[PDB]
Amino acid sequence: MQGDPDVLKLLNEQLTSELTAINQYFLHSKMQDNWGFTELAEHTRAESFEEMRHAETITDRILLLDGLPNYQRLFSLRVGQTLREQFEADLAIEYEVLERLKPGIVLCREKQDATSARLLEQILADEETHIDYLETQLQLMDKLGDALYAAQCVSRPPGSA
Amino acid sequence: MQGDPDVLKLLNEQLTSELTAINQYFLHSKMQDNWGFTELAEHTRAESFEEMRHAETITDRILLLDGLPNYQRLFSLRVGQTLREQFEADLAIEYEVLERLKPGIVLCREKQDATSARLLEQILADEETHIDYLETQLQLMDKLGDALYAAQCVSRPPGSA
Amino acid sequence: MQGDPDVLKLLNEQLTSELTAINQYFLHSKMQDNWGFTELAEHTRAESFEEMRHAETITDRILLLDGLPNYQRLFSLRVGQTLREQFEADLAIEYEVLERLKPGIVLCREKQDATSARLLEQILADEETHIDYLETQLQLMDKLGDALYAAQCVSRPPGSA
Amino acid sequence: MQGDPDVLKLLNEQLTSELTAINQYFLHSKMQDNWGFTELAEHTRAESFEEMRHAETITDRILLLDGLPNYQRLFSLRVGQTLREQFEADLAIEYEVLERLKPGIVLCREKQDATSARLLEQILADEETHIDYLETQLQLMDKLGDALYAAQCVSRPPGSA
Amino acid sequence: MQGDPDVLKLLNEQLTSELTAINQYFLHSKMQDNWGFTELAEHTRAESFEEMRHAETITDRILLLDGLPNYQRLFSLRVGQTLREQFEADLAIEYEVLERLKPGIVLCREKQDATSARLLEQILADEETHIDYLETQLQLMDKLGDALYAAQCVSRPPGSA
Amino acid sequence: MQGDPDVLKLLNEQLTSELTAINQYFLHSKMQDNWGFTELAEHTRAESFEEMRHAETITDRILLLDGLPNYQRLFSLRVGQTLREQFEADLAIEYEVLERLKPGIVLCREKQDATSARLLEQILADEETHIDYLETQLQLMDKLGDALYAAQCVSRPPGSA
Amino acid sequence: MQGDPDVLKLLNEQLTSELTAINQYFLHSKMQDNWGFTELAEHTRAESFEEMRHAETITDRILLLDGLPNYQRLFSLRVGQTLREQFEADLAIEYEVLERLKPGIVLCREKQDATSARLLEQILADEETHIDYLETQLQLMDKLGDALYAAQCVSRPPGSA
Ligand code: HEM
Ligand code: HEM
Ligand code: HEM
Ligand SMILES: [Mg+2]
Ligand SMILES: [Mg+2]
Ligand SMILES: [Mg+2]
Ligand SMILES: [Mg+2]
Ligand SMILES: [Mg+2]
Ligand SMILES: [Mg+2]
Ligand SMILES: [Mg+2]
Ligand SMILES: [Zn+2]
Ligand SMILES: [Zn+2]
Ligand SMILES: [Zn+2]
Ligand SMILES: [Zn+2]
Ligand SMILES: [Zn+2]
Ligand SMILES: [Zn+2]
Ligand SMILES: [Zn+2]
Ligand SMILES: [Zn+2]
Ligand SMILES: [Zn+2]
Ligand SMILES: [Zn+2]
Ligand SMILES: [Zn+2]
Ligand SMILES: [Zn+2]
Ligand SMILES: [Zn+2]
Ligand SMILES: [Zn+2]
């Protein structure tokens, strides 16, 4: 099938977001592991795999629509130097996803591509959950304190890479 | 620990190659799936996961050596538009790996970092096997003919993405 | 026990034939593997193991007869450069086995060494089976054509060594 | 087999380190247990057993090379009086192992004793990992604070020797 | 891939030595069986199979490097006529392997073929182990006496081929 | 049998001390439960049961020796109103057990009642263990701080009676 | 708890013996393995582990009594060059343990430390049993003769390190 050019442009920009999120989350999780925050690392790693799945889903749809998935381009990674900065870095990307997909979904349905819209509706709900998780962590750090919060991210006894 | 700066530059160069290989192979697998070569696509996808593992292994070592893993850089993807071109594209990056790692391993041992050298020795063996597979497929296409080779890459009956 | 000196000379000639057949078949199977004909390679390797078993059985009898097994001597290997040449090379040694064992068996039963004769009767029937297999493959290549026959010797998707 | 005299001297020096690390680690873990840090004690004990295993592996190779394993000599134990001191003491012998084995490995490979080299490459990798665990715990204590870190090393309810 | 011409020459000489050791060990084991040393025979036969596996591993590497495995040449068998002579025979060829592979591994690494070096490092370790076993048996025969040693090589009651 | 009058006096004083420790420990555990220190409560309750078993063992021996177990007398309970006070309370009575049983065991043996001595030796060992636990907890509260220590005595989320 | 200073000195002296017996026994078992006496080596290794267990038990008690376990000091190893010499060497340290612990036990009971006494009574019983095993083997060698005894310490077929 031939996809609509604007829908393909949109799926491709979202693809770039996902490939960027894969790297950002993956690296965060590895850095978290290396700092001793092994319990938190497991969770960030899983976020990474969800992004891998998003990238795949989008690639499929781009191919089905006879487009060219862009695996060449990445956005700028935000590599945080502390737990708080890492949550904010990943929060920043998730909110860029909303800014895009909120009008994006509406644009797909105007173009009468319900299937693309539904696919992006599913990704949006997944990213809204990530946002929810991240925002709650930053809120928890505020309530517990950085030290105390970080203590909930290590195993007993603390472990390593 | 502090890694030797030339060793880390080499580990990061290799990391970039792995990240590039992940994208190249994964896209190739998806494209093979969409063309109906679903049997071949399963194998190419597995090659992609092996690169993901290489990236991870290298990332760990760079961190242990207190370096900064570069997840920002990719090399240029070669996206082939036929099966032969895809094998040739993937073969071209595996050969780049050899050119890098062959003197690389010797440099690591000279710098007295035998652990990073063994890590790269293991990746090198893995990539030599990928080379062997790819060169054998290009040979087989010559022996069988493109059509008949391709016919061994579809299921019974042929399927789709 | 003292074996008859002509029977021991015969048993040793055949052992040399088996030791040669072990190498020829084994190397053919490894070659086939490296060409991508992995399915065919499994069958040639098994013919190798059959020859290994013949060599052992003969070895045993030579020893029981207080002879010296010759493990030093090999005949000339025919190392084929194509599937057809490999079948022909392997067929050529099986035919040499026939020329030897057909009068050989009669000779053993003349020397009143029935047990060695039965030993060789068993080997002869196994080699007649290999001849049958080989002759049928050469016929099949003529019926199917080289490429099409070879395509039945790869897996789906084609693999390698 | 007669081993190279310099290889043997190196293997024996490393043996002495292992025997020392056994006692230091074992005693550390026992002290940790008596302080109530029973969860951390299990990890420290395990490090002990890893050292016992290195001692054994080296002993075997010294014997295979007709040398005399030195079970008489120990280095100076550093017995720390605090968790931080203990990590620092154990870190200090692991760094001594690096300074020995990094040129040690190159020396074995020069003497053309690749088997001894490989054995020490494996010990090196193991000790690099202890170093990584140790430096991560010292960093964690700085991020969490001594009291909070310590509370991750007791069970719920806190236990004892 | 095209292997280095000098490394292929080495791998091929190693292969001749393995093909020779298969024959030597195998025949020794059969001879041991016919003398009644059936328990010892089991162990010698296994050594034979280990040599078969080395021959295989080397063949695969020669083929991956586009070389021609030499299945035609054998070295001179040393066929011992007593247990002591057999251990000496077999020890003789294990030592020739060392003479060859100690500088060989160094040469592979200089040629920047780490993978072939690693393959030979593995074989070297395996042969060092054979040497250790063989040297131990010859020393045990000295300690126990030939009769008494031999008595530990038969079953209860002694069996036969 | 008729026990020695002096050993019976000792066994009976020991019995009073056990009956007292049952009550003290049991009440402490219940109090700990009502404060929310439910994980700590489990351990204190078990200490109570151990004291019940000591009381039983002593009763049986007094009866076998035709004595009159004194189930009427208690010593003064020390009921602490904080965790620290409770450990101190319980430690106080374990130390009184030592004061009594150290010369007691010596006295049984002088009276030639080895069996009663052995029985008390077993109790002494059990109490030394209680002392070790208690002393460790008081030292841990010093290291961690009262709040932090107490936090290791609650479940997640904190529970109640 | 504060242990009696003389009890602590005795426990530490015995600790030194154990640490020495660990090394002597372990090395003996490794040497026995390299000589081909692999069946006897398994028994000698086990004695080693028993010594490790004594070392641990003593360490625990020294710690419970707020002493400093001495992991720095070793006595002189007697490394025997023959099976008979090894039994004699190991017998010589077990007899040193008797000479220490026989008055040691009486001294603990005088200091009214019955728990330490019991712990050393248990070690004494264990070492009395090693002494019995050791003196029985020396007697057996005299009854069977060295060669014949030795042949009961190898497997069938004789093995190696
Ligand atoms: C092109 C971007 C990528 C795509 C589309 C992708 C896709 C996937 C998919 C579909 C899986 C299996 C998911 C599952 O069923 O659990 C996966 C697994 C994995 N990926 Fe990726 N990935 C990408 C990049 C990366 C990168 C950059 C890394 C690390 C540097 C990485 C590391 C891994 C690891 C460690 C696993 C699982 C390990 C295994 O079982 O092999 N991936 N990926
Ligand atoms: C050309 C050199 C040879 C190669 C590369 C070779 C390789 C092998 C391999 C890969 C196996 C499978 C089992 C294993 O290796 O663990 C095997 C089995 C065997 N080989 Fe060989 N071999 C060779 C020559 C010989 C010779 C000269 C004999 C003498 C009889 C022999 C006797 C056997 C026997 C009895 C078995 C097991 C029987 C069976 O599995 O059916 N081999 N060989
Ligand atoms: C002298 C050098 C030593 C060597 C070569 C040595 C070797 C070993 C080996 C090979 C094991 C079993 C391996 C395993 O289960 O993972 C072991 C276990 C043990 N070792 Fe050592 N060890 C040595 C010294 C010590 C010392 C000084 C202590 C101090 C008490 C010690 C305490 C233990 C304990 C508690 C175990 C495990 C107990 C068991 O499994 O029965 N070892 N040792
Ligand atoms: Mg399509
Ligand atoms: Mg670090
Ligand atoms: Mg015979
Ligand atoms: Mg030796
Ligand atoms: Mg090839
Ligand atoms: Mg009564
Ligand atoms: Mg204490
Ligand atoms: Zn996503
Ligand atoms: Zn997301
Ligand atoms: Zn790779
Ligand atoms: Zn690759
Ligand atoms: Zn045959
Ligand atoms: Zn045949
Ligand atoms: Zn170590
Ligand atoms: Zn270590
Ligand atoms: Zn070999
Ligand atoms: Zn060998
Ligand atoms: Zn009690
Ligand atoms: Zn108590
Ligand atoms: Zn002991
Ligand atoms: Zn002992």
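Residues numbered from 1 in each chain as written, not as in the entry; some residues may be left out. Chains lettered and ligands numbered in written order. Part of a larger assembly, values for the part shown. Heavy atoms only, no water.

The record names X-ray crystallography as the way this model was obtained, at a resolution of 2.72 Å.

Any details on the overall build of chain A? Residues and values, ideally.
The secondary structure content of chain A amounts to 5 helices and 0 strands. When the elements of chain A are put in sequence order from the N terminus, they spell out α-α-α-α-α. Counting every position in chain A, which comprises 161 residues, the buried fraction comes to 57%. Residue pairs in contact within chain A that sit at least 24 positions apart in sequence constitute 80% of those at least 6 positions apart. Summed over all atoms, the accessible surface of chain A reaches about 7000 Å², with 52% contributed by carbon and sulfur. Across chain A, the 15 positively charged side chains and the 29 negatively charged ones have centroids separated by 1 Å. (Helix = DSSP H or I, 4+ residues; strand = E, 2+ residues; numbered from the N terminus. Buried < 20%, exposed > 50% of the residue type's maximum accessible area, 1.4 Å probe, protein only. Contact = heavy atoms within 4.5 Å. Areas by Shrake-Rupley, 256 points an atom, 1.4 Å probe, with all protein chains shown as cover. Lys, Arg positive; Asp, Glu negative; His and termini not counted. Charge placed at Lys NZ, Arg CZ, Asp CG, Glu CD.)

Pulling in residues and values, what's your account of the relation of the copies chain C and chain E?
Between the two copies of this chain, the relationship is a rotation about some axis together with a displacement along it. Once chain C is rotated about the relating axis by 180 degrees and shifted along it by 0.1 Å, it coincides with chain E to within an RMSD of 0.1 Å. Classification of the inter-copy transformation places it as that of a two-fold axis. No C-alpha of chain C lies nearer the rotation axis than that of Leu-74 of chain C, which sits 4.3 Å from it. A share of 95% of interface residues in chain C that are also interface residues in chain E marks the association as one of identical surfaces. (Least-squares fit on C-alpha atoms.)

Can you explain the site of ligand 2? Please cite residues and give values.
If you check the shell around ligand 2, you find 21 residues, and the closest are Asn-23, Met-52 and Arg-53 of chain C together with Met-52 and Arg-53 of chain E. Those chains with residues close to ligand 2 are chains C and E. Take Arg-53 of chain C: an N or O atom from its side chain is 2.8 Å from an oxygen atom of ligand 2. Of all the elements in the fold, those that place two or more residues in the shell around ligand 2 are α1 (5–35) and α2 (38–64) of chain C together with α1 (5–35) and α2 (38–64) of chain E. Looking at side-chain class alone, the shell around ligand 2 contains 13 nonpolar, 2 polar and 6 charged residues. (Near = heavy atom within 4 Å. Polar contact = N/O pair within 3.5 Å; in protein donor to acceptor, adjacent residues only side chain to side chain. Nonpolar A, V, L, I, M, F, W, Y, C, P; charged D, E, K, R; others polar.)

Which residues make up the interface of chain C and chain E, and what values go with them?
Between chain C and chain E, the residue contacts involve 20 residues of the former and 19 residues of the latter. For the chain C and chain E pair, buried surface summed over both sides reaches about 1900 Å², with 57% attributable to carbon and sulfur atoms. Interface area lost by chain C to chain E is led by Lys-30, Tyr-71 and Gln-72 of chain C, which between them contribute 31%. Summed over the shared surface of chain C and chain E, the number is 6 salt bridges. A salt bridge links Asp-60 of chain E to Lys-30 of chain C, with the nearest nitrogen and oxygen atoms 2.7 Å apart. Residues of the side of chain C that touches chain E, tallied by class, amount to 11 nonpolar, 5 polar and 4 charged. (Buried area = accessible area lost by both parts, 1.4 Å probe. Salt bridge = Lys/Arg side-chain N within 4 Å of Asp/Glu carboxyl O.)

Which residues make up the site of ligand 1, and what are the values?
Contacts to ligand 1 come from 21 residues, most closely from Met-52 of chain A together with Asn-23, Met-52, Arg-53 and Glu-56 of chain B. Separating an oxygen atom of ligand 1 from a side-chain N or O atom of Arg-53 of chain B is a distance of 3.0 Å. When contributions to the shell around ligand 1 are tallied by element, the ones reaching two or more residues are α1 (5–35) and α2 (38–64) of chain A together with α1 (5–35) and α2 (38–64) of chain B. Tallied by class, the residues present in the shell around ligand 1 amount to 14 nonpolar, 2 polar and 5 charged.

Now, about the coordination of the zinc ion (ligand 24): what can you tell me, with residues and values included?
Residues and elements named next belong to chain G. At 1.7 to 2.2 Å from the zinc ion (ligand 24) lie its protein donor atoms, namely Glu-51 (OE), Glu-94 (OE), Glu-127 (OE) and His-130 (ND1). Metal-centred angles of 93 to 124 degrees between the 4 donor atoms at the zinc ion (ligand 24) mark the site as tetrahedral. The distance between the zinc ion (ligand 24) and the zinc ion (ligand 23) comes to 3.9 Å, and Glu-51 binds to both of them. Remark: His-130 occurs in helix α4 (residues 114–144) and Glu-94 occurs in helix α3 (residues 83–110); sequence separation between them is 36 residues. Per residue, the accessibility class of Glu-94 equals that of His-130, and both read buried. (Donors = N, O, S within 2.8 Å, 3.2 Å for Na, K, Ca; no water. Tetrahedral: all angles 85-135°; square planar, octahedral: opposite > 155°, others 65-115°.)

Hey, could you go over the side chain of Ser-48 of chain C for me, with residue numbers and the actual values?
Residues and elements named next belong to chain C. Here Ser-48 is to be found in helix α2. On the basis of relative accessible area, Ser-48 is assigned to the buried category, the value being 0%. Apart from residues lying up to four places away in sequence, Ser-48 is in contact with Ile-22, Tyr-25 and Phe-26.

Before we move on, can you summarise the interface of chain C and chain B with the specific residues and values?
On the chain B side, the residues contacting the 16 residues of chain C number 18 residues. Carbon and sulfur atoms supply 59% of the area that chain C and chain B bury against each other, a total of about 1300 Å² over both sides. Considering only the surface of chain C that becomes buried against chain B, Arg-156, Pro-157 and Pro-158 of chain C emerge as the three largest contributors, covering 45% of it. At the junction of chain C and chain B, the tally comes to 0 salt bridges.

Summarise the UniProt feature "binding site: heme b 3" (unreviewed entry) in chain A; cite the residues concerned and give the values.
All names here are of chain A. Per the UniProt annotation, the sites labelled "binding site: heme b 3" (unreviewed entry) are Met-52 and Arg-53. Mapped onto the elements of the fold, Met-52 is located in helix α2. Apart from residues no more than four positions distant in its own chain, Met-52 is found in contact with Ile-22 and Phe-26. In this fold, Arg-53 is placed in helix α2. (UniProt positions renumbered as here; feature names shortened; annotations may be inferred.)

Which residues make up the coordination of the zinc ion (ligand 11), and what values do they have?
Every protein donor of the zinc ion (ligand 11) is accounted for by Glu-18 of chain A (OE), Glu-18 of chain A (OE), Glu-51 of chain A (OE), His-54 of chain A (ND1) and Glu-127 of chain A (OE), and the metal-donor separations fall at 2.0 to 2.8 Å. For the zinc ion (ligand 11), all donor residues lie on one chain, and their spacing in sequence is E-x32-E-x2-H-x72-E.

Outline the pattern of salt bridges, supporting the account with residue identities and numerical values.
Counted according to the given criterion, the structure contains 73 salt bridges over all chains. Ionic pairing is found between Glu-13 of chain B and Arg-100 of chain B, a salt bridge with its closest N-O pair at 3.0 Å. Linking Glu-13 of chain B in helix α1 with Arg-100 of chain B in helix α3 (residues 83–110), this pair joins segments that are 87 residues apart in sequence. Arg-61 of chain F is paired through a salt bridge with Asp-113 of chain F; the nearest N and O atoms lie 2.7 Å apart. Placement of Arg-61 of chain F in helix α2 (residues 38–64) and of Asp-113 of chain F in the loop between α3 (83–110) and α4 (114–144) is noted, with a sequence separation of 52 residues between them. The exposure class assigned to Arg-61 of chain F is buried, which follows from its relative accessible area of 10%. Overall, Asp-113 of chain F belongs to the buried group, its relative accessible area being 12%. Overlapping salt bridges, with partners in common, bring together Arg-109, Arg-118 and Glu-121 of chain B, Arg-109, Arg-118 and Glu-121 of chain D together with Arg-109 and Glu-121 of chain E in one network.

Requested: an account of the UniProt feature "binding site: Fe cation 2" (unreviewed entry) in chain A, with residues and values cited.
Residues and elements named next belong to chain A. Within the UniProt annotation, "binding site: Fe cation 2" (unreviewed entry) is assigned to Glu-51, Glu-94, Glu-127 and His-130. For the residues just named, distributed over 80 residues, the greatest C-alpha separation is only 10.9 Å, placing them together at one site. Mapped onto the fold, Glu-51 is located in helix α2. Setting aside its immediate chain neighbours within four residues, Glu-51 contacts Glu-18, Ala-21, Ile-22, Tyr-25, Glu-94, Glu-127 and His-130. Among the polar contacts listed, one links the side chain of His-130 to the side chain of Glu-94, at a separation of 3.2 Å.

How would you summarise the arrangement of the chains if you had to cite specific residues and measurements?
One finds no contact between chain B and chain F; the C-alpha atoms of the two approach each other to within 30 Å at their closest. For chain C and chain F, which are not in contact, the least C-alpha distance works out to 53 Å.

Could you give me a rundown of α3 of chain F, with the residues and numbers involved?
All names here are of chain F. The terminal C-alpha atoms of α3, which comprises 28 residues, lie 41 Å apart, in line with the 40 Å expected from a rise of 1.5 Å per residue. Within α3, the axis deviates most sharply at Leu-101, by approximately 25 degrees, and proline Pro-103 lies no more than four positions further along. Immediately downstream of α3, the backbone of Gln-112 shows phi near 65 degrees, a positive value. (Expected span 1.5 Å × (residues − 1). Bend = angle between axes of the 7 residues up to and from the residue.)

Tell me about helix α4 (residues 114–144) of chain D, residues and numbers included.
With 31 residues, α4 of chain D ought to run about 45 Å at 1.5 Å a step, and its terminal C-alpha atoms sit 44 Å apart, in line with that. Of the residues trailing α4 of chain D, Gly-145 of chain D is marked for its positive phi of about 95 degrees.

Which residues make up the packing of aromatic side chains, and what are the values?
Applying the stated criterion across every chain yields a total of 20 aromatic pairs over all chains. With centroids separated by 6.5 Å and ring planes inclined at 75 degrees, the aromatic side chains of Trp-35 of chain C and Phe-37 of chain C adopt a geometry described as edge-to-face. A relative accessible area of 16% places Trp-35 of chain C in the buried class. Between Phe-87 of chain F and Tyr-133 of chain F, the ring centres sit 6.2 Å apart and the planes meet at 75 degrees, which makes this aromatic pair edge-to-face. Taken together, the residues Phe-87 of chain F in helix α3 and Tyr-133 of chain F in helix α4 connect sequence positions 46 residues apart. (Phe/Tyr/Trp six-rings, centres within 6.5 Å; stacked < 30°, edge-to-face > 60°.)

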